[PDB]
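*Asks:* Pasting in a structure now, in structure tokens, and then I'll have a few things to ask.
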Amino acid sequence: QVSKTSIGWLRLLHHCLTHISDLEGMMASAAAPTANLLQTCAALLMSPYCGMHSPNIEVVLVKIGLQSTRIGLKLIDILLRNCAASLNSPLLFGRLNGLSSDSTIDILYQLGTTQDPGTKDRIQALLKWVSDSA
Amino acid sequence: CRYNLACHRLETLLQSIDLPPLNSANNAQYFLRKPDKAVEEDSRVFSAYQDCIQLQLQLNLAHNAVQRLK
């Protein structure tokens with residue numbers, strides 16, 4: 001699968017984020033900025049197994065989304081509102097918006113219930129998605 | 001009474017039965033390869049449903065025989 005998919009890059013990113021905890025922050029800071037990274041990681045999360053188990057992808061998504069408030073809000077929007085990428089540009093048109101799995105539920109729960117400066121805003125965003133939905 | 005018990009069994013087994021919508025690749029794979037637990041749940045559902053249908057047939061036959069006698 002590593003040869004025929006993009007999963008190898010996600011396994012490398014997971015290793016960078018998780019192998020040495022003391023470096024996680026730095027790695028997350030280096031990984032958050034890249035455009036369409038969260039959309040791509042979500043797409044790989046919701047795709048059939050391609051050489052990377054769901055928990056590791058969830059760990060990557062959570063660690064990126066928690067490294068700053070803006071990215072956390074972007075991840076919430078990707079999971080709930082619009083997961084498409086923000087002829088060479090990434091598209092990620094293939095998946096319906098807002099689809100839920102055990103992985104997405106766990107990621108959203110960790111984003112909401114993780115205590116840090118952005119938690120309020122994240123909760124706020126969550127509640128917004130509720131009201132808008134209603 | 002027996003058919004009510006069978007219906008309760010089928011009801012309790014079906015209330016835990018969930019059907020993933022065919023709107024994503026993962027659900028499509030679920031339908032392509034039914035997971036083992038899904039297979040066991042379907043076997044139990046089929047057994048309970050067969051019991052319910054047999055008891056329903058017996059109940060309707062008994063009701064029609066009672067109507068013949070009345």
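Each chain in the structure tokens gets a letter, A, B, ..., in the order shown, and its residues are numbered from 1; ligands are numbered from 1 in order too.
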Pick out the chain A residues within 12 Å of chain B. Count only C-alpha atoms. Give them as a list in words.
*Replies:* residues 43, 44, 45, 46, 47, 48, 49, 50, 54, 94, 95, 96, 97, 98, 99, 100, 101 and 102 of chain A
*Asks:* Limited to C-alpha atoms, could you put the picked residues into a file as a PDB file, in the first residue's frame?
*Replies:*
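Result written to out23.pdb:
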```pdb
ATOM      1  CA  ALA A  43      -9.647  11.846   3.534  1.00  0.00           C
ATOM      2  CA  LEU A  44      -7.126   9.159   4.463  1.00  0.00           C
ATOM      3  CA  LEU A  45      -8.981   8.673   7.756  1.00  0.00           C
ATOM      4  CA  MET A  46     -12.321   8.013   6.032  1.00  0.00           C
ATOM      5  CA  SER A  47     -10.833   5.794   3.319  1.00  0.00           C
ATOM      6  CA  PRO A  48     -10.750   1.983   3.434  1.00  0.00           C
ATOM      7  CA  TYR A  49      -7.678   0.574   5.161  1.00  0.00           C
ATOM      8  CA  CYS A  50      -4.631   1.256   2.985  1.00  0.00           C
ATOM      9  CA  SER A  54      -7.375   4.342  11.973  1.00  0.00           C
ATOM     10  CA  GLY A  94     -14.889  12.211  -3.323  1.00  0.00           C
ATOM     11  CA  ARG A  95     -16.428  12.222   0.167  1.00  0.00           C
ATOM     12  CA  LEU A  96     -19.728  13.537   1.499  1.00  0.00           C
ATOM     13  CA  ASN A  97     -19.437  16.337   4.034  1.00  0.00           C
ATOM     14  CA  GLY A  98     -20.045  15.611   7.699  1.00  0.00           C
ATOM     15  CA  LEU A  99     -19.916  11.817   7.510  1.00  0.00           C
ATOM     16  CA  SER A 100     -19.227  10.286  10.908  1.00  0.00           C
ATOM     17  CA  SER A 101     -17.280   7.249  12.037  1.00  0.00           C
ATOM     18  CA  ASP A 102     -15.857   6.014  15.309  1.00  0.00           C
TER      19      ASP A 102
END
```
*Asks:* At a cut-off of 7 Å, using only C-alpha atoms, what residues contact residue 10 (chain B)? Leave out same-chain residues fewer than 4 positions from it and give the result as number ranges by chain.
*Replies:* B: 6, 14, 45, 48-49
*Asks:* Find the residues near residue 1 (chain A): any atom within 9 Å, counting only C-alpha atoms, skip ones fewer than 6 places away on the same chain, and give them as a ChimeraX atom specification.
*Replies:* /A:7-8,50-52
*Asks:* Could you write out that same residue set with N, CA and C atoms as a PDB file, in the first residue's frame?
*Replies:*
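See out_30.pdb below for the written result:
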```pdb
ATOM      1  N   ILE A   7      -0.260   6.836   1.856  1.00  0.00           N
ATOM      2  CA  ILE A   7      -0.304   6.502   3.274  1.00  0.00           C
ATOM      3  C   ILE A   7       1.085   6.528   3.896  1.00  0.00           C
ATOM      4  N   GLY A   8       2.131   6.269   3.109  1.00  0.00           N
ATOM      5  CA  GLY A   8       3.473   6.263   3.669  1.00  0.00           C
ATOM      6  C   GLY A   8       3.857   7.606   4.258  1.00  0.00           C
ATOM      7  N   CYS A  50      -5.647   1.244   4.029  1.00  0.00           N
ATOM      8  CA  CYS A  50      -4.631   1.256   2.985  1.00  0.00           C
ATOM      9  C   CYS A  50      -3.239   1.262   3.597  1.00  0.00           C
ATOM     10  N   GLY A  51      -3.023   0.427   4.605  1.00  0.00           N
ATOM     11  CA  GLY A  51      -1.721   0.288   5.220  1.00  0.00           C
ATOM     12  C   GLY A  51      -1.497   1.095   6.477  1.00  0.00           C
ATOM     13  N   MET A  52      -2.518   1.776   6.989  1.00  0.00           N
ATOM     14  CA  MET A  52      -2.387   2.544   8.222  1.00  0.00           C
ATOM     15  C   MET A  52      -3.685   2.416   9.000  1.00  0.00           C
TER      16      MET A  52
END
```
*Asks:* Quick one: of A:17, A:75, A:31, A:37, who's nearest to residue 91 (chain A), counting only C-alpha atoms?
*Replies:*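 Comparing A:17, A:75, A:31, A:37 against residue 91 (chain A), the winner is A:37.
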*Asks:* Please extract the residues of region 36-130 of chain A with a backbone DSSP assignment of helix (DSSP H, G or I) and present them as a PDB file with N, CA and C atoms, in the first residue's frame.
*Replies:*
```
ATOM      1  N   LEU A  37      -3.473  19.996   4.352  1.00  0.00           N
ATOM      2  CA  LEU A  37      -2.980  18.829   5.074  1.00  0.00           C
ATOM      3  C   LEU A  37      -4.094  18.173   5.875  1.00  0.00           C
ATOM      4  N   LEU A  38      -4.897  18.974   6.580  1.00  0.00           N
ATOM      5  CA  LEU A  38      -5.980  18.403   7.375  1.00  0.00           C
ATOM      6  C   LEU A  38      -7.025  17.743   6.489  1.00  0.00           C
ATOM      7  N   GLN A  39      -7.354  18.362   5.356  1.00  0.00           N
ATOM      8  CA  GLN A  39      -8.306  17.739   4.442  1.00  0.00           C
ATOM      9  C   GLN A  39      -7.779  16.404   3.932  1.00  0.00           C
ATOM     10  N   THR A  40      -6.496  16.352   3.569  1.00  0.00           N
ATOM     11  CA  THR A  40      -5.904  15.107   3.090  1.00  0.00           C
ATOM     12  C   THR A  40      -5.891  14.045   4.184  1.00  0.00           C
ATOM     13  N   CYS A  41      -5.531  14.437   5.407  1.00  0.00           N
ATOM     14  CA  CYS A  41      -5.482  13.480   6.506  1.00  0.00           C
ATOM     15  C   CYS A  41      -6.873  12.962   6.843  1.00  0.00           C
ATOM     16  N   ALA A  42      -7.882  13.832   6.785  1.00  0.00           N
ATOM     17  CA  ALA A  42      -9.255  13.389   6.990  1.00  0.00           C
ATOM     18  C   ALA A  42      -9.679  12.426   5.891  1.00  0.00           C
ATOM     19  N   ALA A  43      -9.320  12.734   4.644  1.00  0.00           N
ATOM     20  CA  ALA A  43      -9.647  11.846   3.534  1.00  0.00           C
ATOM     21  C   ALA A  43      -9.030  10.471   3.741  1.00  0.00           C
ATOM     22  N   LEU A  44      -7.772  10.436   4.181  1.00  0.00           N
ATOM     23  CA  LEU A  44      -7.126   9.159   4.463  1.00  0.00           C
ATOM     24  C   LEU A  44      -7.769   8.471   5.662  1.00  0.00           C
ATOM     25  N   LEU A  45      -8.307   9.255   6.600  1.00  0.00           N
ATOM     26  CA  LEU A  45      -8.981   8.673   7.756  1.00  0.00           C
ATOM     27  C   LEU A  45     -10.257   7.951   7.344  1.00  0.00           C
ATOM     28  N   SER A  54      -6.683   3.097  11.649  1.00  0.00           N
ATOM     29  CA  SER A  54      -7.375   4.342  11.973  1.00  0.00           C
ATOM     30  C   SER A  54      -6.819   5.052  13.199  1.00  0.00           C
ATOM     31  N   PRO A  55      -6.497   4.373  14.305  1.00  0.00           N
ATOM     32  CA  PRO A  55      -6.040   5.107  15.498  1.00  0.00           C
ATOM     33  C   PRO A  55      -4.846   6.009  15.247  1.00  0.00           C
ATOM     34  N   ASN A  56      -3.889   5.583  14.421  1.00  0.00           N
ATOM     35  CA  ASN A  56      -2.726   6.425  14.160  1.00  0.00           C
ATOM     36  C   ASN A  56      -3.113   7.676  13.380  1.00  0.00           C
ATOM     37  N   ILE A  57      -3.996   7.533  12.391  1.00  0.00           N
ATOM     38  CA  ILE A  57      -4.469   8.699  11.651  1.00  0.00           C
ATOM     39  C   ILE A  57      -5.210   9.644  12.586  1.00  0.00           C
ATOM     40  N   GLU A  58      -6.006   9.086  13.500  1.00  0.00           N
ATOM     41  CA  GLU A  58      -6.709   9.911  14.476  1.00  0.00           C
ATOM     42  C   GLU A  58      -5.730  10.655  15.369  1.00  0.00           C
ATOM     43  N   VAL A  59      -4.659   9.981  15.791  1.00  0.00           N
ATOM     44  CA  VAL A  59      -3.652  10.634  16.620  1.00  0.00           C
ATOM     45  C   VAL A  59      -3.022  11.794  15.864  1.00  0.00           C
ATOM     46  N   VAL A  60      -2.686  11.579  14.592  1.00  0.00           N
ATOM     47  CA  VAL A  60      -2.114  12.657  13.788  1.00  0.00           C
ATOM     48  C   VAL A  60      -3.082  13.830  13.708  1.00  0.00           C
ATOM     49  N   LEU A  61      -4.346  13.546  13.388  1.00  0.00           N
ATOM     50  CA  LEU A  61      -5.330  14.613  13.235  1.00  0.00           C
ATOM     51  C   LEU A  61      -5.514  15.382  14.535  1.00  0.00           C
ATOM     52  N   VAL A  62      -5.608  14.672  15.660  1.00  0.00           N
ATOM     53  CA  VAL A  62      -5.815  15.330  16.944  1.00  0.00           C
ATOM     54  C   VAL A  62      -4.606  16.178  17.312  1.00  0.00           C
ATOM     55  N   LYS A  63      -3.398  15.643  17.124  1.00  0.00           N
ATOM     56  CA  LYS A  63      -2.206  16.380  17.519  1.00  0.00           C
ATOM     57  C   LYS A  63      -2.007  17.617  16.655  1.00  0.00           C
ATOM     58  N   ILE A  64      -2.381  17.552  15.376  1.00  0.00           N
ATOM     59  CA  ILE A  64      -2.301  18.749  14.544  1.00  0.00           C
ATOM     60  C   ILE A  64      -3.381  19.748  14.943  1.00  0.00           C
ATOM     61  N   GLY A  65      -4.614  19.274  15.133  1.00  0.00           N
ATOM     62  CA  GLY A  65      -5.706  20.180  15.442  1.00  0.00           C
ATOM     63  C   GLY A  65      -5.576  20.841  16.798  1.00  0.00           C
ATOM     64  N   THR A  69      -5.351  26.988  18.047  1.00  0.00           N
ATOM     65  CA  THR A  69      -6.804  27.121  17.988  1.00  0.00           C
ATOM     66  C   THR A  69      -7.305  27.206  16.552  1.00  0.00           C
ATOM     67  N   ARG A  70      -6.598  27.943  15.693  1.00  0.00           N
ATOM     68  CA  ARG A  70      -7.072  28.147  14.328  1.00  0.00           C
ATOM     69  C   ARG A  70      -7.206  26.820  13.593  1.00  0.00           C
ATOM     70  N   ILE A  71      -6.188  25.963  13.734  1.00  0.00           N
ATOM     71  CA  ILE A  71      -6.172  24.650  13.101  1.00  0.00           C
ATOM     72  C   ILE A  71      -7.241  23.754  13.706  1.00  0.00           C
ATOM     73  N   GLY A  72      -7.477  23.875  15.011  1.00  0.00           N
ATOM     74  CA  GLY A  72      -8.541  23.108  15.640  1.00  0.00           C
ATOM     75  C   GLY A  72      -9.897  23.459  15.060  1.00  0.00           C
ATOM     76  N   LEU A  73     -10.138  24.756  14.859  1.00  0.00           N
ATOM     77  CA  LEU A  73     -11.378  25.190  14.225  1.00  0.00           C
ATOM     78  C   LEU A  73     -11.463  24.688  12.789  1.00  0.00           C
ATOM     79  N   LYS A  74     -10.343  24.724  12.063  1.00  0.00           N
ATOM     80  CA  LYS A  74     -10.337  24.210  10.696  1.00  0.00           C
ATOM     81  C   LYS A  74     -10.666  22.722  10.667  1.00  0.00           C
ATOM     82  N   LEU A  75     -10.102  21.955  11.600  1.00  0.00           N
ATOM     83  CA  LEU A  75     -10.380  20.527  11.682  1.00  0.00           C
ATOM     84  C   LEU A  75     -11.845  20.270  12.009  1.00  0.00           C
ATOM     85  N   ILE A  76     -12.416  21.061  12.919  1.00  0.00           N
ATOM     86  CA  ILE A  76     -13.834  20.912  13.234  1.00  0.00           C
ATOM     87  C   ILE A  76     -14.677  21.185  11.994  1.00  0.00           C
ATOM     88  N   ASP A  77     -14.334  22.240  11.250  1.00  0.00           N
ATOM     89  CA  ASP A  77     -15.061  22.542  10.020  1.00  0.00           C
ATOM     90  C   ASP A  77     -14.917  21.416   9.003  1.00  0.00           C
ATOM     91  N   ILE A  78     -13.717  20.846   8.892  1.00  0.00           N
ATOM     92  CA  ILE A  78     -13.482  19.760   7.947  1.00  0.00           C
ATOM     93  C   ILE A  78     -14.336  18.553   8.306  1.00  0.00           C
ATOM     94  N   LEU A  79     -14.394  18.214   9.594  1.00  0.00           N
ATOM     95  CA  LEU A  79     -15.145  17.035  10.011  1.00  0.00           C
ATOM     96  C   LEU A  79     -16.648  17.267   9.915  1.00  0.00           C
ATOM     97  N   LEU A  80     -17.100  18.504  10.110  1.00  0.00           N
ATOM     98  CA  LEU A  80     -18.527  18.785  10.218  1.00  0.00           C
ATOM     99  C   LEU A  80     -19.110  19.491   9.002  1.00  0.00           C
ATOM    100  N   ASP A 102     -16.456   6.076  13.983  1.00  0.00           N
ATOM    101  CA  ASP A 102     -15.857   6.014  15.309  1.00  0.00           C
ATOM    102  C   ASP A 102     -14.672   6.964  15.398  1.00  0.00           C
ATOM    103  N   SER A 103     -13.886   7.045  14.322  1.00  0.00           N
ATOM    104  CA  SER A 103     -12.710   7.906  14.314  1.00  0.00           C
ATOM    105  C   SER A 103     -13.098   9.376  14.414  1.00  0.00           C
ATOM    106  N   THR A 104     -14.057   9.815  13.595  1.00  0.00           N
ATOM    107  CA  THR A 104     -14.469  11.214  13.641  1.00  0.00           C
ATOM    108  C   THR A 104     -15.101  11.563  14.980  1.00  0.00           C
ATOM    109  N   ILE A 105     -15.914  10.660  15.532  1.00  0.00           N
ATOM    110  CA  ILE A 105     -16.522  10.909  16.834  1.00  0.00           C
ATOM    111  C   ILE A 105     -15.442  11.057  17.895  1.00  0.00           C
ATOM    112  N   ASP A 106     -14.450  10.165  17.878  1.00  0.00           N
ATOM    113  CA  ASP A 106     -13.373  10.243  18.858  1.00  0.00           C
ATOM    114  C   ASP A 106     -12.581  11.536  18.704  1.00  0.00           C
ATOM    115  N   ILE A 107     -12.287  11.925  17.461  1.00  0.00           N
ATOM    116  CA  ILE A 107     -11.524  13.149  17.230  1.00  0.00           C
ATOM    117  C   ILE A 107     -12.296  14.356  17.743  1.00  0.00           C
ATOM    118  N   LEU A 108     -13.592  14.418  17.435  1.00  0.00           N
ATOM    119  CA  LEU A 108     -14.402  15.545  17.882  1.00  0.00           C
ATOM    120  C   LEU A 108     -14.504  15.575  19.400  1.00  0.00           C
ATOM    121  N   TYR A 109     -14.659  14.408  20.025  1.00  0.00           N
ATOM    122  CA  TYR A 109     -14.731  14.354  21.480  1.00  0.00           C
ATOM    123  C   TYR A 109     -13.433  14.840  22.106  1.00  0.00           C
ATOM    124  N   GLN A 110     -12.294  14.419  21.554  1.00  0.00           N
ATOM    125  CA  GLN A 110     -11.014  14.855  22.099  1.00  0.00           C
ATOM    126  C   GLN A 110     -10.809  16.351  21.893  1.00  0.00           C
ATOM    127  N   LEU A 111     -11.219  16.877  20.738  1.00  0.00           N
ATOM    128  CA  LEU A 111     -11.121  18.316  20.515  1.00  0.00           C
ATOM    129  C   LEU A 111     -11.979  19.086  21.510  1.00  0.00           C
ATOM    130  N   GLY A 112     -13.213  18.631  21.734  1.00  0.00           N
ATOM    131  CA  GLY A 112     -14.101  19.345  22.636  1.00  0.00           C
ATOM    132  C   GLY A 112     -13.663  19.262  24.087  1.00  0.00           C
ATOM    133  N   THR A 113     -13.226  18.081  24.520  1.00  0.00           N
ATOM    134  CA  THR A 113     -12.959  17.827  25.929  1.00  0.00           C
ATOM    135  C   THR A 113     -11.490  17.958  26.306  1.00  0.00           C
ATOM    136  N   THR A 119      -9.927  25.471  23.837  1.00  0.00           N
ATOM    137  CA  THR A 119     -11.078  24.603  24.063  1.00  0.00           C
ATOM    138  C   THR A 119     -12.385  25.371  23.913  1.00  0.00           C
ATOM    139  N   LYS A 120     -12.511  26.498  24.616  1.00  0.00           N
ATOM    140  CA  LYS A 120     -13.716  27.311  24.504  1.00  0.00           C
ATOM    141  C   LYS A 120     -14.078  27.537  23.043  1.00  0.00           C
ATOM    142  N   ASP A 121     -13.150  28.116  22.278  1.00  0.00           N
ATOM    143  CA  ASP A 121     -13.426  28.390  20.874  1.00  0.00           C
ATOM    144  C   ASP A 121     -13.894  27.131  20.162  1.00  0.00           C
ATOM    145  N   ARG A 122     -13.195  26.017  20.378  1.00  0.00           N
ATOM    146  CA  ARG A 122     -13.602  24.769  19.746  1.00  0.00           C
ATOM    147  C   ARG A 122     -15.038  24.434  20.120  1.00  0.00           C
ATOM    148  N   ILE A 123     -15.345  24.454  21.421  1.00  0.00           N
ATOM    149  CA  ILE A 123     -16.723  24.232  21.849  1.00  0.00           C
ATOM    150  C   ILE A 123     -17.635  25.214  21.135  1.00  0.00           C
ATOM    151  N   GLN A 124     -17.239  26.488  21.119  1.00  0.00           N
ATOM    152  CA  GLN A 124     -18.023  27.493  20.420  1.00  0.00           C
ATOM    153  C   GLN A 124     -18.295  27.042  18.994  1.00  0.00           C
ATOM    154  N   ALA A 125     -17.233  26.684  18.269  1.00  0.00           N
ATOM    155  CA  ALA A 125     -17.417  26.235  16.897  1.00  0.00           C
ATOM    156  C   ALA A 125     -18.390  25.070  16.849  1.00  0.00           C
ATOM    157  N   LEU A 126     -18.189  24.076  17.716  1.00  0.00           N
ATOM    158  CA  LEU A 126     -19.104  22.946  17.754  1.00  0.00           C
ATOM    159  C   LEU A 126     -20.532  23.440  17.908  1.00  0.00           C
ATOM    160  N   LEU A 127     -20.765  24.293  18.908  1.00  0.00           N
ATOM    161  CA  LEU A 127     -22.118  24.777  19.144  1.00  0.00           C
ATOM    162  C   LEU A 127     -22.634  25.528  17.928  1.00  0.00           C
ATOM    163  N   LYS A 128     -21.772  26.316  17.282  1.00  0.00           N
ATOM    164  CA  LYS A 128     -22.193  26.990  16.062  1.00  0.00           C
ATOM    165  C   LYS A 128     -22.708  25.976  15.054  1.00  0.00           C
ATOM    166  N   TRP A 129     -21.922  24.925  14.803  1.00  0.00           N
ATOM    167  CA  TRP A 129     -22.349  23.922  13.836  1.00  0.00           C
ATOM    168  C   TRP A 129     -23.694  23.341  14.229  1.00  0.00           C
ATOM    169  N   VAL A 130     -23.945  23.217  15.533  1.00  0.00           N
ATOM    170  CA  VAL A 130     -25.247  22.739  15.979  1.00  0.00           C
ATOM    171  C   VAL A 130     -26.326  23.734  15.579  1.00  0.00           C
TER     172      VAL A 130
END
```
*Asks:* Record the distance separating CA of residue 15 (chain B) and CA of residue 46 (chain B), expressed in Å with one decimal.
*Replies:* 14.2 Å
*Asks:* For CA of residue 44 (chain B) and CA of residue 63 (chain B), quote the distance in Å rounded to one decimal.
*Replies:* 28.3 Å
